[PDB]
Each structure stands twice: as C-alpha cells, then as structure tokens.
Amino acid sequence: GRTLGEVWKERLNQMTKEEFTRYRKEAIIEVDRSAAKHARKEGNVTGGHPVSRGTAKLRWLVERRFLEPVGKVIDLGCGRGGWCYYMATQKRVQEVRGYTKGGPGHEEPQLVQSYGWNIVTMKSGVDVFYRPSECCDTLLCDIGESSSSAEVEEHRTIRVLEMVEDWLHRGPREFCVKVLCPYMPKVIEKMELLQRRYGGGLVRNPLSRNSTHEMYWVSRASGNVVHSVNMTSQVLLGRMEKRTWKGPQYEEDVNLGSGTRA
C-alpha cells in the first residue's frame, strides 16, 4: 500500500520462518545478555546487570541527549523494569515509579539491587489505560503490543498516544514514548499534532529489531515527522535486500553498578 512503512510490513509477513529470524537482527546493535541471564539463575541480584534489554535502549537515547531525566520519573508499562532501574542511576532523578499490567503472559517487575534501586517503586497488576494520571517531571512509556495487522497496530498506537497525553498535560517536560506503528496515517497526523503541542521528535533506536518499525517520541529531538518516519522505513526496507549479511553488531551491555542513593 501507500507509505514505505506499509510495504515493509507486507514484506515482513511474507518471509519464511528462518529468513524472518535472520532479518530481524541484521545490522542492528545487540548487547550480550549472557552474564545477565546467568546472574538471574544464580540469583545474583547485586551484580549490576540490567533486568532486560530495555535499559540499553533507553541508555542509547539519554546518552545522546534526546532527553534529560529529572525529578519524579513515572514509567508506564515498566515490565521487568529495565527503564526504571536505569533511571534510578541518573543523578537528576529523585524518584522512579513504574506501572505494568503483569498477570499471565505479561512480564512481572523484577526486584534487583542495581545502583539506586531504593528510589524505585514498581506496581504490577496495573493496566495503565484505566489509571488516572499522576504528576511527574519525566514521563516514560514503552507500551506497544505488536500485531501482524498494520491497522491493528495503528489503532493500538493511537490508543497509547491518547493515554500518554493525559499524563503530559500534567506538566512532564521530559519524556520518551514508544510509538509502535509510526508509519500509519492516523499516527502521523496524531504525532504532528502532538509535536505542535509538546515539541520533541521521532527517533529510531538502533537497538530495536528490524521486525518492528517502532520509533521513540522524545522531548529533545525535532524535525519533520513524515521525513523521520520514511527515513526509517527506507533503512528497514534496505536491510531486506542485502547481498552480504553480517548479522547483529555487538555492544557491551553496560553495568548499572550497585548500592543505594541518598
């Protein structure tokens, strides 16, 4: 259909099992989680290992200044807690509150003791779509249930964005919101309006797998929404037609350290 994003989606759903798994990691940056996995088994809760691949993703963003976490942090759809625990290590942050659905099929928050864990409070069993908004200085959201249907994803992304705006009008100046399907017309229009009222821009995280078109709307980014999205659709589409396959590119999963913060 229209938009490069839609052709990408069509081509993805047409791949065989083996090519789909090969393609999703091609040329993306991927942190090694071996040590984190063995620490979980041995119960090593103070080794400083992140609880998921999510922290390395948020680190990429914060390290490039796409946002500057500060004050009270609320993390919607915290899952295991990768973003909460990473935010707990930032000096400007003083409180981290995470909410996640939990329950069968969903990740439960993992309680570990990486640096600043005492400032973190995660509550499971909370479907954020029904929870009235709360005040915060930094708002984070990483919700986006994928679907083979681009229309389903468009609807789910709009739902997220309308939910997120309820927390934004409260005052959070700093934010990072995952936009599951940014290429569909309704999300493009919704984002253009959201960008007018709250600034920021769409950024493609190189740690994301090629099997998802997800991009992050962060407060300290800018630029045309259509341009940014199409640019990403092109990179994703180009990775399907390579003749030389190099697989995922290694990067160390940085240690969060341990201890508590005053």
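Residue indices: 1-based, along the sequence shown.
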- Higher-scoring stretch by recorded Cα B factor average, 200-208 or 26-34: 26-34
- Query: Which wins on mean Cα temperature factor, 88-96 or 185-193?
  - Reply: 88-96
- Based on the PDB record, which member of 101, 131, 72, 170 exhibits the highest Cα temperature factor? 170
- Which has the highest CA B-factor per the PDB entry: 65, 59, 53, 213? 65
- Query: Which third of the chain does residue 105 land in by C-alpha B-factor: lowest, middle or highest?
  - Reply: middle
- Message: By the recorded C-alpha temperature factor, relative to the other modelled residues in its chain, which third is residue 236 in?
- Response: middle
- Query: What third of its chain, lowest, middle or highest, does the C-alpha temperature factor of residue 151 fall into?
  - Reply: middle
- Would you please rank residue 218 by its C-alpha temperature factor against the other modelled residues of its chain and give the third it falls in: lowest, middle or highest? lowest
- Query: Mind checking which third residue 119 falls in for C-alpha B-factor across the chain?
  - Reply: middle
